[PDB]
A.B. asks: 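Let me give you the structure first, and then I'll get to my questions.
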Amino acid sequence: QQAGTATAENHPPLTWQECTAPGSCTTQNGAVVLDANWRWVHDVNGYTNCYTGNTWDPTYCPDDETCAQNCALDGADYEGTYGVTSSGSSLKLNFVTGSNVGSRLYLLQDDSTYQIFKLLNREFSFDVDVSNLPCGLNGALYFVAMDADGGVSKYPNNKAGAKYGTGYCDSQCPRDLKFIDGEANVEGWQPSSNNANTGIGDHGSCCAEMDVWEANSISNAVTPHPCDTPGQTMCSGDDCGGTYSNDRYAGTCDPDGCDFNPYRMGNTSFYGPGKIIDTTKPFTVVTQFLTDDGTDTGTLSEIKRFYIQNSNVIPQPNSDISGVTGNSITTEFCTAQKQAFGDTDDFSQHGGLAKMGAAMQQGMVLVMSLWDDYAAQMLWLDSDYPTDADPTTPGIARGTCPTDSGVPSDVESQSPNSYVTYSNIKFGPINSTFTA
Ligand SMILES: OC[C@H]1O[C@@H](O[C@H]2[C@H](O)[C@@H](O)[C@H](O[C@H]3[C@H](O)[C@@H](O)[C@H](O[C@H]4[C@H](O)[C@@H](O)[C@H](O[C@H]5[C@H](O)[C@@H](O)[C@H](O)O[C@@H]5CO)O[C@@H]4CO)O[C@@H]3CO)O[C@@H]2CO)[C@H](O)[C@@H](O)[C@@H]1O
Ligand SMILES: *[C@@H]1O[C@H](CO)[C@@H](O[C@@H]2O[C@H](CO)[C@@H](O[C@@H]3O[C@H](CO)[C@@H](O)[C@H](O)[C@@H]3O)[C@H](O)[C@H]2NC(C)=O)[C@H](O)[C@H]1NC(C)=O
Ligand SMILES: OC[C@H]1O[C@@H](O[C@H]2[C@H](O)[C@@H](O)[C@H](O[C@H]3[C@H](O)[C@@H](O)[C@H](O)O[C@@H]3CO)O[C@@H]2CO)[C@H](O)[C@@H](O)[C@@H]1O
Ligand SMILES: *[C@@H]1O[C@H](CO)[C@@H](O[C@@H]2O[C@H](CO)[C@@H](O)[C@H](O)[C@H]2NC(C)=O)[C@H](O)[C@H]1NC(C)=O
């Protein structure tokens, strides 16, 4: 994709902190950028769309390469079109703005380069307000093994780069992306039946993903997802696997992950409105990525979670699922959880924590997003899933929402002013970001 000139691009600023020890932190002046899929794509020599609704225009896009040469990604009116604002260390993502639904943003080191985090033997903390996230919505904060430059050094026909939010990948090997590896996704494009703005092409973009936070006011989950190749790679067709291929398990990435959602793990009292972590008010989420020998070069061995609300430091609750002990993600936990729930252990198949840690070694980009779910209505996060199962069977119930909830047309109409706000990001050594 070319860099368009019709709408100006300016990245909202966002501060965050690096800490060396508890109470000893310094401020980084970051910024965020909107993902390429949200942008106008048009003729590089004019203003005619290359893509409208969910249709490519063959005049500009007779094939993937020509399309990328002929078409430009343009700038974003962050507040007015996309409902994205920032102030100091706070980033607020509104749900519906006009016809736009949510957003996906990346943290920048500079105007052409994503910030890279090396998570091994480190701790990441942030504050969040999920109070205005009802059933069916997901405010996500997570890491993916994207290239820092958005692909530009590898793919000459990508001139837009990180400045325009190119290069996304995740453990679903998403095929909905309009540009992957300097090519458009026109040649095998199939418009979505239920989303007027989207489709699925032959190309997908795979990489490992550490889902630190997927949540609404009902439920949350923390979920690593390994891939066979840790960093960004292209896949083709149904061999991509992931949510939108014929078979989610056909590819090189684990689409399910090894998840810890306290409600799903048998403690419904812990997280939600008025609960131990009371989602009607903001709180702090701390996540630690521990290694087997406690050093920067050890193998990822344990992912731990603490919450802070009203100055009370509260560990993740223990699992109350038979056979599955503790409050953290480890190989033992993941093996046990898949067995107890009767779920396929695709996590182990794609290298588990060892491959997650390999991705962490490559460096990962911070993503903050807000979305609703055309495939599964977020039922996997906040309801009973699958819907044919007995909600009393361990693993089925993940939150309080009914199985009719979360249909995009319903929640976009009923809760347009929903939002998620992330703030006070802190990163550093274990125990450096909070009062252990
Ligand atoms: O007026 C300006 C300009 O508009 C152009 O039209 C734009 C329009 O402005 C945008 O609102 C619209 O944005 C949608 C994108 O087309 C669409 O691809 C994107 O799809 C999302 C999907 O809705 C969402 O569920 C999905 O969520 C992912 C999360 O982000 C991740 O965190 C999680 O891990 O995984 C989930 C599921 O995959 O992400 C996809 C994107 O990958 O939704 C956008 C918001 O509604 O784009 C239009 C262009 O297509 C118009 O063309 C111009 O003429 C005009 O100037
Ligand atoms: C759901 O999860 C919550 C949070 O983990 C559980 O509450 C916690 O239960 C533990 C074990 O009983 C409590 O720990 C104990 O505290 C007492 C008194 O301070 C101390 O004597 C013991 O040595 C132990 O440390 C803990 O206080 C409590 N945490 C909170 C924040 O309330 C709860 O039991 C779980 N509910 C269900 C139904 O499983
Ligand atoms: O964000 C990427 C896509 O996510 C899809 O949600 C999936 C979750 O990311 C994944 O962790 C969850 O895995 C389930 C699994 O499907 C189920 O069989 C097992 O019992 O529990 C796992 C943990 O909840 O799967 C869901 C659904 O595929 C979104 O549906 C999709 O829109 C989005 O692009
Ligand atoms: C981070 O702080 C925690 C909590 O103070 C430390 O964990 C404690 O470690 C001691 C042994 O060194 C144990 O007796 C306690 O039971 C632990 N508490 C908890 C909550 O786990 C931990 O060692 C610190 N990490 C580092 C790298 O210093």
Side-chain angles (χ1 to χ4, degrees), residues 2-12 31-85 94 96-106 108 110-114 146-147 149-169 174-192 195-205 232 234:
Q2 306 306 292
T5 62
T7 304
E9 178 68 7
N10 171 82
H11 300 143
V32 295
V33 59
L34 184 67
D35 178 89
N37 253 43
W38 275 253
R39 300 175 182 278
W40 183 22
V41 177
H42 62 80
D43 175 14
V44 65
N45 293 143
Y47 308 96
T48 308
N49 282 43
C50 297
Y51 181 89
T52 306
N54 50 23
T55 305
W56 293 99
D57 191 330
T59 290
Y60 300 106
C61 296
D63 62 81
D64 293 342
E65 179 176 2
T66 303
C67 189
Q69 296 172 325
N70 284 346
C71 302
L73 286 163
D74 231 312
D77 175 3
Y78 280 82
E79 179 170 5
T81 302
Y82 301 102
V84 178
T85 58
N94 285 351
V96 173
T97 307
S99 56
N100 179 76
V101 183
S103 57
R104 180 166 67 237
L105 290 289
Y106 312 116
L108 292 167
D110 59 57
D111 62 33
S112 309
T113 316
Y114 302 125
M146 284 163 65
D147 289 348
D149 71 355
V152 303
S153 74
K154 293 172 184 176
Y155 302 116
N157 289 341
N158 179 4
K159 291 183 175 49
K163 181 174 285 179
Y164 293 80
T166 66
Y168 186 66
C169 58
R175 293 167 61 183
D176 68 296
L177 303 175
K178 286 169 290 192
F179 295 93
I180 299 170
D181 294 0
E183 297 200 344
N185 217 351
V186 57
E187 281 168 41
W189 191 254
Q190 293 298 149
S192 297
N195 186 332
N197 288 312
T198 68
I200 294 294
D202 185 59
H203 294 170
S205 186
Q232 190 268 336
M234 208 173 69

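Sequence positions, counted from 1, serve as the residue numbers for this chain.
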A.B. asks: Indicate the ring-plane relationship of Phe179 and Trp56, choosing parallel, tilted or perpendicular according to the 30° and 60° boundaries.
C.D. replies: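 If you compare the ring of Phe179 with that of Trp56, the planes turn out perpendicular.
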A.B. asks: Quick one: closest heavy-atom pair of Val41 and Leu73, and the distance?
C.D. replies: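 Shortest heavy-atom separation between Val41 and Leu73 comes out as CG2-CD2, 3.7 Å.
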A.B. asks: Quick check: does any side chain N or O of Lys178 sit under 3.5 Å from a backbone N or O of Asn37, one acting as donor and the other as acceptor?
C.D. replies: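 Yes; at least one donor-acceptor contact below 3.5 Å.
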A.B. asks: Of all heavy-atom pairs between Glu65 and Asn157, which one has the smallest distance, and what is that distance?
C.D. replies: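 Closest approach of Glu65 to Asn157: CG-ND2, 4.3 Å.
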A.B. asks: Determine, step by step, whether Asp181 and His203 satisfy the side chain to side chain contact (heavy atoms under 4.5 Å, CB included) criterion, reporting the C-alpha distance in whole Å, the side-chain angles of both residues, the deciding distance to 0.1 Å, and the verdict.
C.D. replies: CA-CA 9 Å; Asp181 294 0; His203 294 170; over 6 Å; no
A.B. asks: For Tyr164 and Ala3, work out which heavy atoms get closest and say how close.
C.D. replies: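 Heavy-atom minimum between the residues: CE1-CB, 4.0 Å.
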A.B. asks: Quick check against the 3.5 Å criterion: does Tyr60 have a side-chain atom that pairs as donor or acceptor with the backbone of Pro62?
C.D. replies: no
A.B. asks: Could you walk me through whether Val33 and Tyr114 pass the side chain to side chain contact (heavy atoms under 4.5 Å, CB included) check?
C.D. replies: CA-CA 9 Å; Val33 59; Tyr114 302 125; 3.7 Å; yes
A.B. asks: Evaluate the ring planes of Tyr47 and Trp40, with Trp represented by its six-membered ring, and classify them as parallel (under 30°), tilted (30 to 60°) or perpendicular (over 60°).
C.D. replies: parallel
A.B. asks: Determine, stepwise, if the pair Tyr106 / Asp35 fulfils side chain to side chain contact (heavy atoms under 4.5 Å, CB included).
C.D. replies: CA-CA 7 Å; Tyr106 312 116; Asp35 178 89; 2.6 Å; yes
A.B. asks: Measuring from atom CD of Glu187 to atom OG1 of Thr66, what distance do you get when rounded to the nearest 0.5 angstrom?
C.D. replies: 8.5 Å
A.B. asks: Taking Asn197's backbone N and O only, do any of them form a donor-acceptor pair with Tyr51's side chain (distance below 3.5 Å, no angle check)?
C.D. replies: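 Present.
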A.B. asks: So how far is it from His42 NE2 to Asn70 CG, rounded to the nearest 0.5 Å?
C.D. replies: 12.0 Å
A.B. asks: Working to the nearest 0.5 Å, report the span between NZ of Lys163 and CG of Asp111.
C.D. replies: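 Between atom NZ of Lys163 and atom CG of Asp111 there are 4.5 Å.
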A.B. asks: With a 4.5 Å limit on heavy-atom distance, are the side chains of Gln232 and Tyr168 in contact?
C.D. replies: no
A.B. asks: Between OG of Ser153 and CG of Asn158, what distance do you get to the nearest 0.5 Å?
C.D. replies: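 Reported value, rounded in 0.5 Å steps: 10.0 Å.
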A.B. asks: So, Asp64 side chain and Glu183 main chain: donor-acceptor pair closer than 3.5 Å or not?
C.D. replies: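 Such a contact is absent between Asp64 side chain and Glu183 backbone.
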A.B. asks: For the backbone of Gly102 and the side chain of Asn94, can you confirm whether one donor and one acceptor N or O come within less than 3.5 Å of each other?
C.D. replies: no
A.B. asks: Strictly distance-based, threshold 3.5 Å: is any side-chain N or O of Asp149 a donor or acceptor partner for the main-chain N or O of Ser112?
C.D. replies: no
A.B. asks: Which of these passes side-chain hydrogen bond (donor to acceptor under 3.5 Å, both in side chains) with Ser192: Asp176, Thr198, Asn54?
C.D. replies: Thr198
A.B. asks: Give the intermediate values and the outcome of side chain to side chain contact (heavy atoms under 4.5 Å, CB included) for residues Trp38 and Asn100.
C.D. replies: CA-CA 8 Å; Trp38 275 253; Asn100 179 76; 3.2 Å; yes
A.B. asks: SG to SG below 2.5 angstrom is the rule I want applied to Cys71 and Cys50. Does it hold?
C.D. replies: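 Yes; the two sulfurs sit under 2.5 Å apart.
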A.B. asks: Does any N or O in the side chain of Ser103 come within less than 3.5 Å of the main-chain N or O of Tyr82, such that one atom is a donor and the other an acceptor?
C.D. replies: no
A.B. asks: Going from CG on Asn49 to OG1 on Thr55, what distance comes out if it is rounded to the nearest 0.5 angstrom?
C.D. replies: 11.0 Å
A.B. asks: Roughly how far, to the nearest 0.5 Å, is the CZ atom of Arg175 from the CH2 atom of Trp189?
C.D. replies: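 So the CH2 of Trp189 and the CZ of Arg175 are separated by 10.0 Å.
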A.B. asks: Indicate yes or no for a side-chain donor-acceptor contact from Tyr78 to the backbone of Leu34 under 3.5 Å, with no hydrogens or angles considered.
C.D. replies: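 Checking the backbone N and O of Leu34 against the side chain of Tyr78, a donor-acceptor pair under 3.5 Å is found.
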A.B. asks: Could you tell me whether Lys154 and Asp147 make a salt bridge, using a distance below 4.0 angstrom between a side-chain N and a carboxylate O?
C.D. replies: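 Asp147 and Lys154: salt-bridged.
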A.B. asks: With salt bridge (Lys or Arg N to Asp or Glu O under 4.0 Å) as the rule and sequence neighbours excluded, what pairs involving residues 36-47 come up?
C.D. replies: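 As it turns out, the salt bridge (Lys or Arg N to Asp or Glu O under 4.0 Å) pairs with a partner in residues 36-47, which skip direct neighbours, are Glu9-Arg39.
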A.B. asks: Treating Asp110 as the side-chain partner and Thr113 as the backbone partner, does any N or O pair qualify as donor plus acceptor under 3.5 Å?
C.D. replies: yes
